[PDB]
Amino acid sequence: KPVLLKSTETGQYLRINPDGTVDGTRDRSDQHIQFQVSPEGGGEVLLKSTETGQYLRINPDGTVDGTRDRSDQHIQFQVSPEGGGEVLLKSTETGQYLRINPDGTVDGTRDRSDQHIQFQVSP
């Protein structure tokens, strides 16, 4: 089933836009905030835009975008329970956590103590 990925701090939902950019929004009418979680091998997941088919990618330089390249090694995530229903979403290849900043940009950070990397996943 499609889930939403909401940063607990800003109430912003992760969005992959058709043009490949990734950002945050509070417009729950946006069809582009729905994701399909699917398995990659035994312990990782992919986070796919239901509407566009793009996978969330954290690049080595910390930028976050969408790709349909299934061979990409920067689309695999580990989900860690953070207590209180919240989870962190960590890219396995680079050790970066997904972050939604207050200005609505989305990027990666290795800093596990950052307050903008906690997500609430809802159906």
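Note that residue numbering follows the sequence shown and begins at 1.
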Higher of the two mean Cα B-factors (110-118, 96-104; per PDB record) comes from 110-118
Looking only at C-alpha temperature factors in the entry, 28-36 or 60-68, the higher average sits in 28-36
Assert third(CA B-factor, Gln78) within chain per record equals middle
Split the chain's modelled residues into thirds by Cα B-factor; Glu9 lands in the highest
